[PDB]
Amino acid sequence: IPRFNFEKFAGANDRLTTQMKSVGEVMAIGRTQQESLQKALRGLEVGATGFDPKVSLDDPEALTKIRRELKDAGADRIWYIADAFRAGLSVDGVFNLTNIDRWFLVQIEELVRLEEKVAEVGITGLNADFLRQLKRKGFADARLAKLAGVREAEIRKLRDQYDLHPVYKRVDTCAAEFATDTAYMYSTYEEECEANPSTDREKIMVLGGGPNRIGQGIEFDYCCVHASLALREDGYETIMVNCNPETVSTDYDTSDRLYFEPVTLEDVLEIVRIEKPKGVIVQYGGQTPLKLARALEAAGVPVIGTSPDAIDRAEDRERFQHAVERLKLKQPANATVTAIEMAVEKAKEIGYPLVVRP
Amino acid sequence: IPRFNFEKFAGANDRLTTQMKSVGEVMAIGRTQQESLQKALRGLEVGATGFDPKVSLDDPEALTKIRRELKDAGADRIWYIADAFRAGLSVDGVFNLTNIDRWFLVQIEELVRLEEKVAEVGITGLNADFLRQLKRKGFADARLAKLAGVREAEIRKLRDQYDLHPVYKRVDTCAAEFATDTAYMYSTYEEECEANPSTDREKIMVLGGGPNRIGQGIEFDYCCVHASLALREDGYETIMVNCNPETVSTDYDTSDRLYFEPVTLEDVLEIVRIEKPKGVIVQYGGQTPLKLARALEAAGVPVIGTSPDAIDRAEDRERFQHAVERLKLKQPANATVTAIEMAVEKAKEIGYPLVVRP
Amino acid sequence: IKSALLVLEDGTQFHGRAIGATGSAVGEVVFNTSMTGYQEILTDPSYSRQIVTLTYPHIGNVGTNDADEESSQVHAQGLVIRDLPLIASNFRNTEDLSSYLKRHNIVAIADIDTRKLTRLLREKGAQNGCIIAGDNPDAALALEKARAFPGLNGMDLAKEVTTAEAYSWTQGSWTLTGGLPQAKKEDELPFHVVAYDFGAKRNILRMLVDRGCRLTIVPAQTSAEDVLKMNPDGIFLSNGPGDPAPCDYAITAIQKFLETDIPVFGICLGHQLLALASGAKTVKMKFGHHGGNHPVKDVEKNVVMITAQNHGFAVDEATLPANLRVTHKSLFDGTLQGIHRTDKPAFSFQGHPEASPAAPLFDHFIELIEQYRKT
Amino acid sequence: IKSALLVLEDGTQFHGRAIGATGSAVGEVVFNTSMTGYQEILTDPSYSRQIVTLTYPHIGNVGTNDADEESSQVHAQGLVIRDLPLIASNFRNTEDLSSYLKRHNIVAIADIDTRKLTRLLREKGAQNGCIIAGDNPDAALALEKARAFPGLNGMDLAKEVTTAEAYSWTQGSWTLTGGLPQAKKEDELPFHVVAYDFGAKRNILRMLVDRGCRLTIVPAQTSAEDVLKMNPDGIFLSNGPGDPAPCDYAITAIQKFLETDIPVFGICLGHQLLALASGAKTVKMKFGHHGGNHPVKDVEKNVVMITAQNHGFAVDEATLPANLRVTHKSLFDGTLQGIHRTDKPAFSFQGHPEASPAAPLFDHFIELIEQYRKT
Ligand SMILES: [Cl-]
Ligand SMILES: [Cl-]
Ligand SMILES: [Cl-]
Ligand SMILES: [Cl-]
Ligand SMILES: [Cl-]
Ligand SMILES: [Cl-]
Ligand SMILES: [K+]
Ligand SMILES: [K+]
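Per the deposited record, the coordinates in this entry were obtained by X-ray crystallography to a resolution of 2.10 Å.

The name the PDB entry gives chain C is carbamoyl-phosphate synthetase small chain, with Escherichia coli as the organism. Annotation of chain C in UniProt includes, under Subunit, the sentence "Composed of two chains; the small (or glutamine) chain promotes the hydrolysis of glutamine to ammonia, which is used by the large (or ammonia) chain to synthesize carbamoyl phosphate. Tetramer of heterodimers (alpha,beta)4." Under Sequence similarities, UniProt gives the following word-for-word description of chain C: "Belongs to the CarA family."

The PDB entry annotates chain A as carbamoyl phosphate synthetase large chain of Escherichia coli.

See the structure below:
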């Protein structure tokens, strides 16, 4: 799935056409189309957890917006395809507007009906059989969480409870006709696992950044690759986690074990669960891994280097000012306004010109 | 199907609710739901030939208008349902908004599909086998005509050619278990005709006015009845044509033979075809029959009483003005403007106040 | 384009569309005016060897469901209808009609002039016929089979729909609420009734149990001797197909019981037998009675009943034995509908009884079974 | 829920869903790596008595159609797959997979970990297995059945799939534009080839016809004498299921031909037969060759061909008689894929050639035919 950055482009026509406008891409592997697609969605680094809705069910205007989005595609179409199903549109309906093969549409439609049940039954209706069926369809804990009205951790808890975890298959070029000595894996909900992790060494896991986007480029990938080459050479078992098809970090040669996965909490936790690595680097893949840092740590992950908390100390404008202060250093005049008049007042204090950061 | 008059009511809430707002109703009899339904549609006297479209296929807002009409029924909902299907809504989608049982909606949907094939094949795709199938689904000559881009008459000719006519069944309270001596019939496209017109007497056909509407009430029905009773008494074999279920006209006792049908050129002609009456009175049922006068005559129907042209003489604002002229009588100053500026002028001539008739 | 065709003995043809199994079917052609209850009609043994035509145009609006089978299987030879609905739309539906027809392997045609058929059957009388559903149905062939058909006059159908070995029945009637109730417990039922399965309808049974009747379902032949051998509180003779006359085996039996003081109750087929066994004669109806809007009078009470009818033969009123009192007559054709032995605890009803939760009949019955045990 | 189960000789179970007929199926379990062509595989006689597992997860994406049928029927014993698509999506489809399976009465299962199954067969070699589909599939029963399966080793399957009477084949290849062509007329083909039906595929025949050959398809047992009597321009030995070895009939016949100067061409089973008749020995493969991406080297030319393989036995190179020159070998495993008689116009290939419509094998055959008629 391509990755766009229209939000950074004011005045830009944002409809998709023959001239590329995407800034990157994400890849996913799954045992079924459905699983594959949803995994890609949650790994797109756009805040999605699957088919999250774009328009409300009560907006009497929805059908209109939806139609438009389907007929003349933008970066958001896939989500509007699901909202169309939610809104009453037929598979033929959708087809006529998008020309996207029904083979794909029927599958999106099915996910939608499934989301509806989820919604209907709530967490309470999430028994092991159903939940497994969901997971197999590639549903994220997060997306499920949302439908059921609970936190993501809740779904995850439930899985733990049911011992509902994915298995890892390997990429081999040959549909398993010949064995592989390489460890290029993807998760799925099936029977047999091929992870076969080593008990032998000290493992280091490196988290990549997902698809590239503006400000989150190859520079980070570069760093991630480097961590791996270095630590490997030094004798660590290096594990790379990423899902950008364009990069060297996703080259099997780059590391000992490669997990071509969404760089999310859910996905990262599963691997950790089984790899039981010595350390995890979250500082080299950009914002993506950075943001995962606290939850990972909290979930028991042996995060190495600069601590989540320290990173937060620096990132957090308030916590931070306080450091600057502490060290008696020079920071530009600042204020935290809430209301307009408030800001005009404070502005006065601070002094123009000003930098207005949301 | 209920008959409304919201246009006469400016400011009136026009959504249907628990308080009746219709002014009349029409009834149809068919061998199937589709037949029945479409027949009722074309007999409703609202200018419909069946599921005539209310919103354009290419209107960007059409899904929305369609949604509203569907969710909050008005007199036109029946049309918007077809429109929904045209626009790509699913049967389940329509159901969610209207709560109309799917058994019904599916049938509307099928109708729409067939319509689409017509549209596609054109007059040329109208082979005998297909035409027959359409006529059995209640399709009106007129409706197919719009779809195929031809004159209603063309379709009519087409059937002539194919010896494609309806048969007449009788009402009998008992599903044909017992024989009837009564001649209460309805049209259908089937095998056996139960019409068995008499060759005996001189037949007089009285055309009713369909469902009651404001300005087209029982008063006309009263007349229709009188015509019957009268002539019948006189010894003529009276034949009523009407489809208003509330009236005395539609009572099998009122006449010799009753054809419970839509008062349309199409339906009438089919009766005439087999009845070959001495005459046909078109002046007693109000506006409905009136407007068929010309065409009936033109089709060789034996229109008695004041002639259709004559009628035309008096209805025709100009035709009339001339005769008023002719007779040297007093009519109010009048004018036929097209343009505003043109009016304000003519206006000065004529002189306020003024009666503006579109 | 899945063709089918129906041809009558008379050569009358009906071209349509295949909606059931592929193949051919032959039997007597009858018409049923029931606007509802098609599943129930199809699964009624009373229809064996009969091809069923339904007057009501849309057949299959509510799909189907097991709670709606009147027997273990579909007895109708074929099904003839005007329109098979696009979908079934009912909360009780478990399977569309078309799929149902196939699994049961019923040859069936939709889209024909069922009115045309009706009037013909009405005017000229019942007719044997053949349905041929396939790639290129052969008219002559269908006619050939139609004509060849033996016919129901003088045909014992009961022996073809009866059960192999006897059995117990303790199930009551359906409720919307609960549905098909569990099968009562032997010790939970006051009475013991024996019922001759002449191709008996489930509901009727259900109605007896409803009344406190434990039930023993026996085969048609079944000897009075073997029967009496179970000390039954009353004997019940079920409804079933074909001609009653050729059922020597039961008239006999019945007559046994008829010397006894055991109460005997007959329905439909069993009302006919009773009759015979008591001396009356049975004829074959022009077109018979099939539907559910039939008016019948309880001469005694002078009241009218709206009943369900599934018969082709009747009991001739003219040839009645004095010990046979006329209890009911059809308001449609003045035909016989119910009788009571003047001299015995026996009576029968032509039509088919149904639960509200016939009650008169049914209640009488019990009130007989009662007065009988009181002794 | 429509349950299904698959159990291996070794006790391995795989629980999933039924997508084909109800019932049970037994046979030798194989995996096929083809990402497309499931129909053709199912309908390939080469799969008789085998339970086909497809490694590609979504099977049924394009539904099915007649043109994609390799024989008059489905030869696979069962079908085992990971996912059955919601819809078939292709202009050529005429009936979805599931309905097709059912019409052909095939027991099929979906939703199981085909990868794990594949890796098991790969690692431990083929195994017999049984699939059971229905209400409450009995895993022990399944296991019994699987273990009881006699097995393909030493089993003559060709006599099972061959035609009963001989017949003509003059129908050529399919095209996008005009589908399957009408069958050519006899004066429309210069050559006459006798093809032994050891479970031959429609596409090979079609190919030969594409090349000028009128074909007379003969039963597997057909005598050499019987054949020679036909003054064949060439003799063709089809592909087919099972073990070649027990094909006493064929080998004999073939030897005869081999005395003659008649060109002889063999594919797959034929190739094995040819080899046997030439004194070579055959073995049964660990798991075989089943796919459409198998690299084979033409040793003579030093070129690689991407081929289709559908076999479980193979000709041992080490026992190759010296009148047998090795022409092709597997780049996957080094196994024998081609041979030519150094002393006779007879050669054969292990894999299954296909139409473009570089055809070097085919063209060779044709070439030999000509030379032969030139004489
Ligand atoms: Cl569930
Ligand atoms: Cl109002
Ligand atoms: Cl057509
Ligand atoms: Cl007909
Ligand atoms: Cl499995
Ligand atoms: Cl051929
Ligand atoms: K920053
Ligand atoms: K499974």
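(A) Inspection of the interface of chain B and chain C at higher detail. Across the contact, 23 residues belong to chain B and 23 residues belong to chain C. Three residues stand out in chain B for area buried against chain C, namely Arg31(B), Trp103(B) and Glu177(B), and they jointly supply 31% of the buried area on that side. One can count 7 salt bridges joining chain B with chain C. Between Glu190(B) and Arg82(C) there is a salt bridge, with the nearest N and O atoms lying 2.7 Å from each other. Where chain B packs against chain C, one counts 14 residue pairs in polar contact. Within the residue set of the side of chain B that touches chain C, elements represented by two or more residues are α5 (102-125) and β3 (167-170) of chain B. Among the elements that line the side of chain B that touches chain C, the one with the most residues is α5(B), at 5 residues. Class assignment of the residues belonging to the side of chain B that touches chain C gives a composition of 7 nonpolar, 3 polar and 13 charged.

(B) The arrangement of the interface of chain A and chain D in detail. The partner chain D presents 23 residues to the 23 residues of chain A that form the contact. When the two sides are added together, the surface that chain A and chain D hide from each other amounts to roughly 2200 Å², 52% of it contributed by carbon and sulfur. Our count for the chain A to chain D interface comes out at 7 salt bridges. Between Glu192(A) and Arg119(D) there is a salt bridge, with its nearest N and O atoms 2.9 Å apart. Across the chain A-chain D interface, the total number found is 15 residue pairs in polar contact. Where the side of chain A that touches chain D is concerned, the elements lending two or more residues are α5 (102-121) and β3 (167-170) of chain A. Tallying contributions element by element places α5(A) first for the side of chain A that touches chain D, with 5 residues. Among the residues making up the side of chain A that touches chain D, the classes are represented as 7 nonpolar, 3 polar and 13 charged.

(C) Layout of the packing of helix α2 (residues 62-71) of chain B against helix α3 (residues 77-86) of chain B. Residue and element names in this part refer to chain B. Viewed as axis vectors pointing N to C, α2 and α3 meet at an angle of 135°, and their least axial separation amounts to 9 Å. In this view, α2 runs oblique relative to α3, as classed from their interaxial angle. As for the relative orientation of α2 and α3, their crossing is left-handed in sense. When α2 is examined against α3, the residues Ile-66, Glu-69 and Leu-70 are found in contact with a partner set consisting of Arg-77, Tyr-80, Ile-81, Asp-83 and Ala-84. For the contact of α2 with α3, a count of residues per class yields 5 nonpolar, no polar and 3 charged.

(D) Just the coordination of the potassium ion (ligand 8), in detail. Residue and element names in this part refer to chain D. Those protein atoms acting as donors to the potassium ion (ligand 8) are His-15 (O) and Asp-111 (O), and they sit at 2.7 to 2.8 Å. Pair noted here: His-15 is in strand β2 (residues 13-18) and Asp-111 is in the loop between β6 (107-110) and α3 (114-124), with a separation of 96 residues, a long-range link. The exposed category is assigned to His-15, whose relative accessible area is 51%. Using a relative accessible area of 24% as the deciding quantity, one classes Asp-111 as partly exposed.

(E) Region of interest: the domain arrangement of chain A. All names here are of chain A. Here chain A is described as being made up of domain 1 (46-195) and domain 2 (196-305). One C-alpha centre belongs to domain 1, the other to domain 2, and the line joining them spans 25 Å. Of the residues lining the interface, 21 residues belong to domain 1; the matching set on domain 2 comes to 16 residues. Summed over both sides, the interface between domain 1 and domain 2 buries roughly 1500 Å², with carbon and sulfur atoms accounting for 50% of that surface.

(F) Main features of the domain arrangement of chain C. Residue and element names in this part refer to chain C. Annotation of chain C at the domain level lists domain 1 (1-150) and domain 2 (151-374). Put simply, the middle of domain 1 and the middle of domain 2, counted by C-alpha atoms, are 27 Å apart. At the boundary of domain 1 and domain 2, one finds 2 salt bridges. There are 13 residue pairs in polar contact connecting domain 1 and domain 2. Put simply, the parts of the chain that give the side of domain 1 that touches domain 2 at least two residues each are β3 (23-32) and α3 (114-124). Per-class residue counts for the side of domain 1 that touches domain 2 are 10 nonpolar, 11 polar and 9 charged.

Analysis parameters
Residues numbered from 1 in each chain as written, not as in the entry; some residues may be left out. Chains lettered and ligands numbered in written order. Part of a larger assembly, values for the part shown. Heavy atoms only, no water. Residues with missing side-chain atoms left out of burial classes, pairs and counts. UniProt positions renumbered as here; feature names shortened; annotations may be inferred. Contact = heavy atoms within 4.5 Å. Buried area = accessible area lost by both parts, 1.4 Å probe. Salt bridge = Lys/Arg side-chain N within 4 Å of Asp/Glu carboxyl O. Polar contact = N/O pair within 3.5 Å; in protein donor to acceptor, adjacent residues only side chain to side chain. Helix = DSSP H or I, 4+ residues; strand = E, 2+ residues; numbered from the N terminus. Nonpolar A, V, L, I, M, F, W, Y, C, P; charged D, E, K, R; others polar. Axes fitted to C-alpha atoms, helices over the stretch in contact; angles between N-to-C directions. Parallel < 35°, antiparallel > 145°, perpendicular 65-115°, else oblique. Left-handed = near helix turned anticlockwise from the far one by under 90°. Donors = N, O, S within 2.8 Å, 3.2 Å for Na, K, Ca; no water. Buried < 20%, exposed > 50% of the residue type's maximum accessible area, 1.4 Å probe, protein only. Domains from an automatic or database assignment.

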